[PDB]
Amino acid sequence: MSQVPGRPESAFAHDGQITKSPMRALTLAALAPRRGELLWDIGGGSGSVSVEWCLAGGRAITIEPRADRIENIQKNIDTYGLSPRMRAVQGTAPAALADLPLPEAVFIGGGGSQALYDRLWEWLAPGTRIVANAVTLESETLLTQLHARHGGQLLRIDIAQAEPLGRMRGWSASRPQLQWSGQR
């Protein structure tokens, strides 16, 4: 079992919603976990980002509304013997982050609206690290405005795979993603 992020999708329980391995390698690079650091993983999903954060030696709380997804998250905590360093929390951000200890880092997988970012600026200790991925055009202008307001690094990421087609190979149909890496 690998000592670095980007571990296969199949290292995790998940439905058809999971940060794909190369994106997750990028995401963890930007999160930059130090040992014992806390992360709020807003979005959650399969919790795979949290899992790699914890395997790098971090502690993580992983917020997620959907019940089916929370089961997957929980299986992944057990599978990696991650209690109590990682906690699944069933809820919806920002509301679900009201009664939680302040973190050193925040990952906005999913749920990234202005209301979230207003609350975050209201609730978080200055210099708390933020990392966000956006796949919609609306999420993208949001990350672009955040980068205008507060600086940081803003990356545009395109990754495709080679695949069958049908006696030949093609590039898999790809979407770019924006990622913002900043503070506060």
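The first residue of the sequence shown is number 1, and the count goes up from there.
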Given 117-125 and 149-157, the range whose Cα B-factors average higher in the PDB entry: 117-125
If you average the CA temperature factors as listed in the entry, which stretch comes out higher, 28-36 or 63-71? 63-71
Name the third of the chain's ranked CA B-factors that contains residue 174, choosing lowest, middle or highest. middle
Residue 22 - Cα temperature factor, lowest/middle/highest third of chain: lowest
Residue 77 - Cα temperature factor, lowest/middle/highest third of chain: middle
Based on the entry's values, in what third of the chain does the Cα temperature factor of residue 108 lie: lowest, middle or highest? middle
